[PDB]
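Given next are the chains, with one letter for each unit.
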Protein chains: 2
Amino acid sequence: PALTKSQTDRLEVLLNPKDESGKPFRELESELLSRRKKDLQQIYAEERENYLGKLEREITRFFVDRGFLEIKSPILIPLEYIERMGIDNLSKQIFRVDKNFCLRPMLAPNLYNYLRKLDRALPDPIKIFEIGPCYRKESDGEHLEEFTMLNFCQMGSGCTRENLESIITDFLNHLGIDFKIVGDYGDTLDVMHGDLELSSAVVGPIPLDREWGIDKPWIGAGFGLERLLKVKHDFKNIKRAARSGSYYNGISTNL
Amino acid sequence: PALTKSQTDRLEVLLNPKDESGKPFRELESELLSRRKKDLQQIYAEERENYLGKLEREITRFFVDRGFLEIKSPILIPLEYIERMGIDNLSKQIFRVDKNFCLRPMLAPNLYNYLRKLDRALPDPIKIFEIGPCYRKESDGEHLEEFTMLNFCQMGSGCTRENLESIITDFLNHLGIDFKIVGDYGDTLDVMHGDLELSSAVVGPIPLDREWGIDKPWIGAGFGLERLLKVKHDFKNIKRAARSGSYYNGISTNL
Ligand SMILES: CCCOC(=O)NCCCC[C@H](N)C(=O)OP(=O)(O)OC[C@H]1O[C@@H](n2cnc3c(N)ncnc32)[C@H](O)[C@@H]1O
Ligand SMILES: CCCOC(=O)NCCCC[C@H](N)C(=O)OP(=O)(O)OC[C@H]1O[C@@H](n2cnc3c(N)ncnc32)[C@H](O)[C@@H]1O
């Protein structure tokens, strides 16, 4: 009669945010399975684009159109970059590779490097952004160990908290994601969606800048793409938005 | 009078495939520096798109339009997948992470998984592709340790060597890359550009398939994006096309 907790989990896996007691487990499952196969069939026949890849392309067009240079830097970076970011023995939340490298847990390091180098060639202000894989050993989850970050930044003139909030606002209203900016330069703003942190943004300059050869004011923000997708598609668990073999655009692939 | 080998290397770094003795090093360098800054300035003012990111988007549109489903799977995969690919103690060319994972050296594993799972929901034939970071400890270089692979595959009907060659041909003529297919099912074709291997393609089925729960015929090919860019932009060294802090669209960032 009553579904076991295990059966309920199984059905939840097959449940979509938009689906709407009695009937036995096998029938409820057979029903959801047919719906999910049809969903996949519709995607394969029409769209064919992956949510994460498509979001990245949409975000890229948004920043490129607003004057930001598109950066693609290494994912495997020197461990020294992590120390240089002020993270000495969070240090174990780092995925290490070999003796001197690791999987970037964030984008700041390579972006700092580009800001410094580009300043010798580009007119002020320097505007850049990167979208790509970042890695952090996790606990909760909202928390993926493998995720995708969008980090944009501007250095030089126009680097005010007001301009930063304006970019964030246009960006999220563009994506159709509800949010609230919270704070109270050297400032740190938290872009929230309910209790979920969408982004921790900062208005420089900050003491860390010196360690990277940066001496100008700057503004920047980092957003996790899977979180945006989770909020956007009303996914209950963020793993439905992650690179995975278990879900395709939020649809279970275990059919 | 004569440039030292070190000065020549420096100038080569600043040299673009399209630039065309006497003058002293400092003057030759100052000349190249101004040109490179202008190049970067033109990119920042107009395009703003990264070569690698832009190629990925172009390849994606190409396969999506031809009926292939866009896949974004994990970059950090179980070490077991490598053994399962038939690579037992090349095994040390693998970047290991923690005790049970590694950085994917290729895309086949996750694509095999998707072919198996999608077959339970999608009509024949199943066509999918992925574009993303792959990692392999290297020696030569043509050889990056961090690169980007495009792997597409079709399973079920239509999986002939002829159809495979046709896709490869349309793809490369589309990108404007000269090539030659060489070979002699269970077939392996090498797509060459002069002496450079652009892709090692295969016509299944192959014995390995069974280990992945795949029992249908299939065709597939893997192309390294940095190599395509290298050939396309006539870069002398492939590192000019890689994710890097040292080059931006083939232009030195050490100005
Ligand atoms: C000049 C250049 C230097 O720029 C900076 O130094 N800082 C720019 C300000 C941007 C913040 C920085 N990129 C950052 O990493 O903030 P934080 O680490 O708290 O993470 C920001 C966002 O990444 C996402 N995120 C994090 N970990 C996860 C996870 N495990 N799963 C899913 N989503 C996640 C989430 O959106 C989180 O709010
Ligand atoms: C059903 C699914 C299973 O599909 C398959 O099992 N096989 C599909 C056939 C595709 C070949 C496979 N993806 C592969 O990896 O072939 P191979 O490892 O020789 O590499 C293919 C290409 O990757 C590129 N590549 C490699 N290593 C580098 C490097 N270090 N720097 C730069 N470029 C590089 C280069 O283009 C090379 O030819």
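Structure determination for the deposited model, as stated in its record, used X-ray crystallography, and the stated resolution is 2.06 Å.

**Section: the sheet that holds strand β1 (residues 69-71) of chain A**
All names here are of chain A. In spatial order, the strands read β1-β5-β6-β10-β9-β8-β7; together these seven strands make up an open sheet with mixed pairing. Single-partner strands in this sheet number two, and they are β1 and β7 (180-182). Sheet twist, expressed as the average angle between the axes of neighbouring strands with direction ignored, equals 20°. Against the sheet, helix α6 (residues 161-175) engages β6 (146-155), β7, β8 (188-193), β9 (196-203) and β10 (218-224), with an angle of about 30° to β10.

**Side note on the site of ligand 1**
All names here are of chain A. Surrounding ligand 1, one finds 24 residues, the nearest of these being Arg-136, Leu-144, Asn-151, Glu-197 and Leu-198. Within the side chain of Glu-138, a nitrogen or oxygen atom sits 3.3 Å from a nitrogen atom of ligand 1. With respect to ligand 1, the backbone of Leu-144 contributes an N or O atom lying 2.7 Å from a nitrogen atom. Computed on the free molecule, ligand 1 has an accessible area of 800 Å², of which 88% lies beneath the protein chains in the complex. Residue assignment for the shell around ligand 1 shows that the elements contributing at least two residues are α5 (108-118), β6, β9 and β10. Broken down by element, the residue count for the shell around ligand 1 peaks at six residues, all from β10. When the residues that make up the shell around ligand 1 are grouped by side-chain class, the tally is twelve nonpolar, seven polar and five charged.

**Some details on the domain arrangement of chain A**
All names here are of chain A. By the assigned domains, chain A splits into domain 1 (1-48) and domain 2 (49-255). Computed from C-alpha atoms alone, the centre-to-centre distance between domain 1 and domain 2 is 34 Å. Counting from both sides, the interface comprises 15 residues of domain 1 and, opposite them, 14 residues of domain 2. Overall, the association of domain 1 and domain 2 removes approximately 1,100 Å² of surface from exposure, summing both partners, and the carbon and sulfur fraction of that is 61%. Sorting the residues of domain 1 by area buried against domain 2 places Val-13, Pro-17 and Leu-40 first, and these three jointly supply 38% of that buried surface. Counting every contact that joins domain 1 to domain 2 gives zero salt bridges. For the interface between domain 1 and domain 2, the tally reads five residue pairs in polar contact. Where the side of domain 1 that touches domain 2 is concerned, the elements lending two or more residues are α1 (5-14) and α2 (25-45). It is α2 that contributes the most residues to the side of domain 1 that touches domain 2, six residues altogether.

About the thresholds
Residues numbered from 1 in each chain as written, not as in the entry; some residues may be left out. Chains lettered and ligands numbered in written order. Heavy atoms only, no water. Pairing = 2+ DSSP bridges. Helix = DSSP H or I, 4+ residues; strand = E, 2+ residues; numbered from the N terminus. Axes fitted to C-alpha atoms, helices over the stretch in contact; angles between N-to-C directions. Contact = heavy atoms within 4.5 Å. Near = heavy atom within 4 Å. Polar contact = N/O pair within 3.5 Å; in protein donor to acceptor, adjacent residues only side chain to side chain. Areas by Shrake-Rupley, 256 points an atom, 1.4 Å probe, with all protein chains shown as cover. Nonpolar A, V, L, I, M, F, W, Y, C, P; charged D, E, K, R; others polar. Domains from an automatic or database assignment. Buried area = accessible area lost by both parts, 1.4 Å probe. Salt bridge = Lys/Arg side-chain N within 4 Å of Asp/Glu carboxyl O.

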